[PDB]
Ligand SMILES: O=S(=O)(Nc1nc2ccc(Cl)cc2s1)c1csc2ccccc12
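Okay, here we've got a single chain as structure tokens, the form deposited without this ligand, with questions on binding and movement later.
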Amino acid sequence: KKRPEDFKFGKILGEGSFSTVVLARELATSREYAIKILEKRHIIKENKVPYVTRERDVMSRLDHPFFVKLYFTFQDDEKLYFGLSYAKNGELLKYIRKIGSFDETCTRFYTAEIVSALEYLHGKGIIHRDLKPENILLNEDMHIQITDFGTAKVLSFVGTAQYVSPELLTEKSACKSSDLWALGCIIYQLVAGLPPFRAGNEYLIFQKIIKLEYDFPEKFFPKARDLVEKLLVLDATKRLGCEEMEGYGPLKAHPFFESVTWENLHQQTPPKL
């Protein structure tokens, strides 16, 4: 079992309500991990014990390159430590903001791995419920690494405003289709630069979401547009990739992906941004 004195803590890699992720180097081996530190009392006072328990249960069952791994967990008298994979290139959102918008190849590659990752995840019966470009990170080799499993559900919660789905703003029920909506939202953002639904405040965004109030830029890849129109359907049972639509097969079979080779994506050279 690992201890805090076994590490050299560095910069903070992201904060949160109940957590802070710190860059930590392991002394004996010199490997760098991103440690999520959570204070036991703030968790108890705020009834988050089922949310932390779940995260650890969820992460301990992922074994795929497109997800961040949990290497160890240890604790002291006041804090919990979940040692996680360190993704050197950080959030995908940054690369979008720095290049403005991805070319068709870059959108095809990254959309494919995101699409590939959700097929493994949903294949296991786990739902992210908070998928966004701030959770999709990039490793040394520039492959995606999906994190933030605190709000994950194994088949009560509502994620980040801009990537929420109509069903959540109505029924109060998230299914795999909630992830496929976020996916639809993230595609738009890769081609266009900005999320599809944008407004002055959360209420105006929610009202713009439920009315499907969004319009594609005049220079949007047509195949990518048609795919976005297919994921961004108000009716959750009519969403490409969902089980009522016969799953990932047809999503994976969509024209936008004609040249993609799904089998060894993690072994492929990512394109230059």
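Numbers for residues come from their place in the sequence shown, where the first is 1.
Peer 1: Going by the record, give me the number of deposited-sequence residues missing between residue 155 and residue 156 as none, 1 to 3, 4 to 9, or 10 or more.
Peer 2: Unmodelled stretch: 10 or more residues.
Peer 1: Going by the B-factors listed in the PDB entry, is the mean over the C-alpha atoms higher for 19 to 27 or for 258 to 266?
Peer 2: Per the PDB entry, the higher value belongs to 258 to 266.
Peer 1: State which stretch shows the higher mean Cα B factor in the entry: 134 to 142 or 102 to 110.
Peer 2: Comparing averages over the C-alpha atoms only gives 102 to 110.
Peer 1: Looking at 162, 147, 177, 73, which has the biggest Cα B factor in the entry?
Peer 2: That would be 177.
Peer 1: Among the choices 97, 79, 128, 88, identify the one whose CA B-factor in the record is greatest.
Peer 2: By C-alpha B-factor in the record, 97 ranks first.
Peer 1: C-alpha B factor of residue 84, ranked within the chain: lowest, middle or highest third?
Peer 2: Lowest third.
Peer 1: In terms of the CA temperature factor given in the entry, to which third of its chain does residue 220 belong: lowest, middle or highest?
Peer 2: Top third by C-alpha B-factor.
Peer 1: Taking the chain's C-alpha temperature factors as the reference, tell me which third residue 44 falls into: lowest, middle or highest.
Peer 2: CA B-factor rank for residue 44: highest third.
Peer 1: Per the entry's values, where does residue 195 land by CA temperature factor relative to the rest of its chain, in the lowest, middle or highest third?
Peer 2: It falls in the middle third of the chain.
Peer 1: Can you tell me whether residue 35 has a C-alpha B-factor in the lowest, middle or highest third compared with the other modelled residues of the same chain?
Peer 2: Ranked within chain, residue 35 CA B lands in the lowest tercile.
Below, we refer to the form deposited with this ligand bound, which is not included among the displayed structures.
Peer 1: Just checking whether residue 82 would be counted as a contact of this ligand in the deposited bound form - the rule being heavy atoms within 4.5 angstroms.
Peer 2: Yes, residue 82 is a contact residue.
Peer 1: Using a 4.5 Å heavy atom cut-off, state whether residue 120 contacts this ligand in the deposited bound form.
Peer 2: Answer no; every heavy atom of residue 120 is more than 4.5 Å from this ligand in the deposited bound form.
Peer 1: Might residue 30 be said to contact this ligand in the deposited bound form, defining contact as any heavy atom within 4.5 Å?
Peer 2: Because no heavy atom of residue 30 falls inside 4.5 Å of this ligand in the deposited bound form, the answer is no.
Peer 1: Is there a heavy atom of residue 210 no more than 4.5 Å from a heavy atom of this ligand in the deposited bound form?
Peer 2: No, residue 210 stays farther than 4.5 Å from this ligand in the deposited bound form.
Peer 1: In the deposited bound form, which of 103 to 111, 180 to 188, 68 to 76, 166 to 174 comes within 4.5 Å of this ligand (heavy atoms)?
Peer 2: Residues of 68 to 76 come within 4.5 Å of the partner.
Peer 1: For the heavy atom contacts within 4.5 Å of this ligand in the deposited bound form, list the residues of 46 to 75 involved, in sequence order.
Peer 2: Those in contact are 49, 52, 53, 56, 73, 74, 75.
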